[PDB]
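Taking it in order: structure first as structure tokens, then the write-up.
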Amino acid sequence: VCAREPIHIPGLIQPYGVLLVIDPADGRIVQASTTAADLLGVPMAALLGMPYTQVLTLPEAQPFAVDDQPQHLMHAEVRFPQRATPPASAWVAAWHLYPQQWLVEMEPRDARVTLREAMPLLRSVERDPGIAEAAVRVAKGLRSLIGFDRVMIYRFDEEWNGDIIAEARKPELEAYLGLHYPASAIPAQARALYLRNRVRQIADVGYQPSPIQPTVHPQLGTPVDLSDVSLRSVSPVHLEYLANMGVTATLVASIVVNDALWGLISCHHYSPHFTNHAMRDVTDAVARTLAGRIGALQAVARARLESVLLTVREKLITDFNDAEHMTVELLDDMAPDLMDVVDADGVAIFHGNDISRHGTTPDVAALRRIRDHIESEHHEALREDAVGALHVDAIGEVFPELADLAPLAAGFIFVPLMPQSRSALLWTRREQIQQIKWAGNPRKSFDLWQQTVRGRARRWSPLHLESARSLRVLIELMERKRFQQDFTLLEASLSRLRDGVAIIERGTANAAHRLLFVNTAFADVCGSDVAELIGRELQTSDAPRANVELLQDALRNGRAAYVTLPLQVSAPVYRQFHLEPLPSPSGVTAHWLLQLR
Amino acid sequence: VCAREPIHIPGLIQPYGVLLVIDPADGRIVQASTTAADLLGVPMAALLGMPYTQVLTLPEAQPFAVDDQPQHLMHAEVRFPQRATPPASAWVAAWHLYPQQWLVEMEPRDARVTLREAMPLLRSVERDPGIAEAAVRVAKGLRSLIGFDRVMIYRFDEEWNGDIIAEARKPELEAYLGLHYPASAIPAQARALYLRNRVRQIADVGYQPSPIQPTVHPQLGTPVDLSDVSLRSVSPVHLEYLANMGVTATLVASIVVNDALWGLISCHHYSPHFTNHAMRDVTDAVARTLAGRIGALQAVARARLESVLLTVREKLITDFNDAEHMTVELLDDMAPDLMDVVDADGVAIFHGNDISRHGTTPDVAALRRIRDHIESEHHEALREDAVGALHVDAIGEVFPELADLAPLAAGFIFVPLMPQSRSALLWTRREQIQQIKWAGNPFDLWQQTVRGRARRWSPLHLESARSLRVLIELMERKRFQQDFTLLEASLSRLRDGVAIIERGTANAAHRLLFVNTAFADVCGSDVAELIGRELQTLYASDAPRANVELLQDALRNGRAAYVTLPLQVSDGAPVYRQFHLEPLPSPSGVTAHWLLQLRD
Ligand SMILES: */C=C/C1=C(C)C(=O)N/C1=C\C1=NC(=C\c2[nH]c(/C=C3\NC(=O)C(C=C)=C3C)c(C)c2CCC(=O)O)/C(CCC(=O)O)=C1C
Ligand SMILES: */C=C/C1=C(C)C(=O)N/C1=C\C1=NC(=C\c2[nH]c(/C=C3\NC(=O)C(C=C)=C3C)c(C)c2CCC(=O)O)/C(CCC(=O)O)=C1C
């Protein structure tokens, strides 16, 4: 229910500033934060329904009507012409112009050489190499710039769990560096707002919130979507957490990489600390700059991997097409490259009953148990739902029966997906145990935990997975070469027979019934050799109409027939025609087996 | 010789400022620009070998010893304590701290609300869709931020040639937007310096340069590698070019994307214009924000293309495996997706003599001429040197004989690479004529019209092509599979009793590979319960030693034998048939299989 909270419509503001909701039609204040009455000259009752022009004057930029796409005006100087000296501090206002509403949020300008001072840090990360190095540079650098008691770089993992990869802190305190946080700690709804809004600040934990006096819009009958307002009141859940933790102030800048939330810059202050718009802007700069390189390094990295994976993939491809017989020594030369292409610990090549195991892989029968378990009609749902290749990260989770084997086949890639059998490929990564230094929750009591996760292999790279799909052509290549080898066998075997054999291709009624294959035993009985006989119609008068009719009836209706008939010599030669229909998937007779001794 | 100039060690400075080389060992000035003597107070002779501290009055930040990685201090306030009112304008100094040397460059503070003023422009590009929109936004925006007469975004192509993709200029002066420049215009070493040093400016073209008085280091014996120093003197080659062009001032910010020089922000002023420390810093900001967004959009874009090409690729894959017969109507449903996966204008599927041409492709016999031309032993070098698939951008260049056809097959992707025949795939792009609006070396532009070339084959489209090689082997497998199941059914339905014997080795036995029902019945036990059985099992344990020896000798030496022997009977009926074992030919000549015919 907590992971289902609205958070964007609390109907409350952070007291450090004022919020006003203005009807763009008449330019009158429809809703207002309780803090508005004090900053602005006039108390609540009269301030409500009053035009914005009457109570606040701003010289830099003014609001305006928006058509569809909402527009946002940055923080600019705002004055309060309705009171006998109301500036205990300088004030700055930002706008959120919507087609139905205007949202103005104001806060103290504050002050105190910043953007120029940040420049050498930005330049140093941009030229820096490696998420690690940059993350730690940003951590230390931002700790010097904005001055927080804690600056940590929180990286989101694949399942949206966090990890503190970098940290800069006061000499004192206990380092949270290396700590893992669940996905549940930062809900989807919250995460979305960090993308939409780049920098957010909790100025003082346990603030007395300022409610938006007319809770719902007086004419629209809806609450105020504070999704873009920085003054948006935080979840009490999270506030209690921070309070229990001893942290009183918070600055969180979003590390958005390729328009996706890669991670966060988390800043904690164990005393209260409002970070002014100008400073917020600098942290946003460093966040974007950090966000920039990581993506840069991510791009370069990927690029290099693609190239080498391709080189190896193409060798495997050419080497496989080049050899005409799948020898044990061929596969033993193949295996290293075939494991490398998918960065597997071991690979097992299946070819109908036979298994050619290589690298760090389970026993021949254990492998067979895995293939057998996959090929099953119970796990038929998995194979279809699988992209080009079936792959597991923790064998125990998807194949519960197979829960063991995990020390050597913790993860695997299986190709082909079809229960196609005969040829297959099983890539495997052995179990690699993860030591995950978690973090606690319920002010000076703390005991760390350390989950040791067995059964899981190193996660399958999406790039390694496409490298696997890219090698499907070795399976069809194996299969083609196999049938080609088996065919040339039976073709030689039938040609060396004594009992005169020919395969008759059923003409599609239009075309005649013709000779597909004919042996050296059979052609000889006719005289004319095999080459000249392939393609001639079965109709090769003298022959009795009664006998021909029986044979023709079989050809007509796709049935069998045993009939003695004369032939064409180079004695007239009378052999017994044993025409038999060869089975078809359609059930429609497509070919016939003709033999005669 | 020009494309191999040093440029990093000219031994000269831009007169607008002063450069000093300091020995970090005892803080003395070892080398100095001729301009140093005028602003520092003390003339050259005495200024040389003197400690920097005597002429130091820098309060903001000071130099320091470094270990390995050089460090750079930003432009900060510096004063000359040897002269009574030394300047007319404030002076600012930057440091380049190396483990062997310290490089201090100073220049007028100038000034003339800048970094906050730039923030909405950075904001505007960070949100922009597509490179084209961001490039033009940066161009216009930087032209407003600094009053340059010209601001152009120069994009490097695959061959390191440039293209002005964006431009913001004065109402007057002819637009260079759309102009193409050769790779020769910006040499490799020049390009390298734009990567190492992101921002570069020329204050006034045809400046009287300030030489570094002690040309080489007095103790190390090497010249001064400016490389990071903005005051560095640019090539006279390039200066003459700018002068001929009428431009007097420069400002070039590097668009480095994924650690590679993607392009440049070129700024021209037709009058002299020094851009201050605060100034350069803002352009640096916009350059990387622009570089940032370009790479971001590049990433996102690629990501989305990969996903849809995969979906389509997987449909082709499953749809091809699903059908058991390659009908004309199947291929006609396949063709659209099969062309789409590689963004081809037309595709032609070959299957032994037959051709199923689709989309905008040449005539059936013209296609055949292309395949024939590729499959040739003369172009055998091309095929091996290719990656997974053979591909051309301009058919006329690689296959000169095929120079025509270019209107419909200007470019193509051929697969399989092997002269494997029987099954193939020919993707084709028709000729798309390029109008390249070149630039004229010293007002006069040209317009190359390049015919014979198709749109360049995307590396992403090429890997999408390689990814579909499995359709060729799938076609072929299904074909041999069909031909095999034919002969396998034909032999199984025979009367004379036949079995195929697979020869073994030292540890391996001679086993039955294939056995028909006629053969199985004579033994009693069915076909399933016979495949893989050892040949020895079939004859009785009673069998005469004389007869078995003959058969074994054939198996031993891969020869033939015709011997009557009893059969292993479960019941007890003495079944004696003639074993007609014959060796089936092998390419090696070494008997690999035998044909076992059983007739009385
Ligand atoms: C209902 C689920 C939640 C549990 C359990 C919990 O502890 N918090 C829950 C909800 C929310 N968390 C929100 C923000 C948030 N959480 C973290 C977590 C950490 N920050 C750290 O620095 C560390 C450890 C060092 C942890 C584990 C962060 C960083 C943030 C962002 C703000 C901040 O702390 O800097 C959140 C959004 C609040 C809001 O704006 O309404 C919710 C709902
Ligand atoms: C030696 C061969 C060269 C020929 C021919 C030529 O035209 N230039 C040659 C050499 C160098 N060019 C260098 C720098 C440089 N080149 C450009 C290119 C252009 N600028 C433009 O505005 C346009 C078109 C509108 C083009 C094609 C620029 C911009 C620059 C940097 C200076 C500037 O901002 O104008 C160069 C390096 C010189 C240096 O810095 O030492 C060399 C050797």
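In the structure tokens, the first chain shown is A, the next is B, and so on; residue numbers restart at 1 for each chain, and ligands run from 1 in the order shown.
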Checklist line | Exercise answer, 8 Å around ligand 2 with only C-alpha atoms and all ligand atoms, as number ranges by chain | finding: B: 2-3, 5, 7-8, 152, 154, 162, 164, 176, 179-182, 184-187, 189-191, 193, 200-202, 232-235, 237-239, 241-242, 249-252, 264, 266-268, 439, 441
Next item on the list: Please extract the residues at most 6 Å from ligand 1, counting only C-alpha atoms and all ligand atoms, and provide them as number ranges by chain, using the chain letters and residue numbers of this document.
Entry: A: 2-3, 7, 176, 181, 184-186, 190, 234-235, 238, 241, 250-252, 266-267
Next item on the list: Excluding stretch 290-292 of chain B and any residue of its chain fewer than 6 positions from it, enumerate the residues within 6 Å of it, using only C-alpha atoms, and give them as a list in words.
Entry: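 The residues satisfying every condition are residues 292 of chain A; 255, 256 and 257 of chain B.
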The selected residues should be written to file as a PDB file, in the first residue's frame (atoms: N, CA and C atoms).
```pdb
ATOM      1  N   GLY A 292      26.715  12.121 -18.295  1.00  0.00           N
ATOM      2  CA  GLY A 292      27.299  12.182 -19.623  1.00  0.00           C
ATOM      3  C   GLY A 292      28.395  11.180 -19.885  1.00  0.00           C
TER       4      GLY A 292
ATOM      5  N   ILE B 255      33.529  19.172 -30.345  1.00  0.00           N
ATOM      6  CA  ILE B 255      32.336  18.375 -30.060  1.00  0.00           C
ATOM      7  C   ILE B 255      32.838  16.944 -29.934  1.00  0.00           C
ATOM      8  N   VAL B 256      33.275  16.575 -28.702  1.00  0.00           N
ATOM      9  CA  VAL B 256      33.805  15.237 -28.418  1.00  0.00           C
ATOM     10  C   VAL B 256      32.652  14.383 -27.916  1.00  0.00           C
ATOM     11  N   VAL B 257      32.359  13.292 -28.660  1.00  0.00           N
ATOM     12  CA  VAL B 257      31.267  12.371 -28.388  1.00  0.00           C
ATOM     13  C   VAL B 257      31.839  10.988 -28.312  1.00  0.00           C
TER      14      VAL B 257
END
```
Next item on the list: Using only C-alpha atoms, select each residue of chain B with any atom at most 8 Å away from an atom of chain A, and give the selection as a ChimeraX atom specification.
Entry: /B:73-74,115,257-259,281,292,295-297,299-300,314,387-388,466-467,469-470,473-474,476-478,480-481,483-484,486-491,493-494,496,500,584-585,595,597
Notebook entry, point to check: Skipping near chain neighbours, those fewer than 3 positions away, what residues fall within 12 Å of residue A:207 using only C-alpha atoms, listed as a list in words?
Noted result: residues 12, 13, 14, 15, 16, 17, 202, 203, 204, 210, 231, 233, 234, 235, 236, 239, 240, 243, 248, 249 and 272 of chain A
Next item on the list: Write out as a ChimeraX atom specification each polymer residue whose atoms come within 10 Å of residue B:87, counting only C-alpha atoms; drop sequence neighbours fewer than 4 positions from it.
Entry: /B:39-40,79-80,83,91,108
Note to self: Quick one: residues within 6 Å of residue A:409, only C-alpha atoms, excluding same-chain residues fewer than 2 positions away - as a list in words?
What the structure shows: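 Final neighbour list, sorted by chain and number: residues 405, 406, 411, 428, 429 and 430 of chain A.
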Item checked: Distance of atom CA of residue B:229 from atom CA of residue B:284, expressed in Å to one decimal place -> 15.3 Å
Margin query: Please return, as number ranges by chain, all residues of stretch 183-399 of chain A that DSSP assigns to helix (DSSP H, G or I) on the basis of the backbone.
Written below: A: 183-185, 188-196, 236-245, 277-322, 328-340, 364-375, 380-385, 395-398
Checklist line | Selection: 6 Å around stretch 361-368 of chain A, only C-alpha atoms, excl. self and same-chain fewer than 4 positions, as a PyMOL selection string | finding: chain A and resi 346+372+408
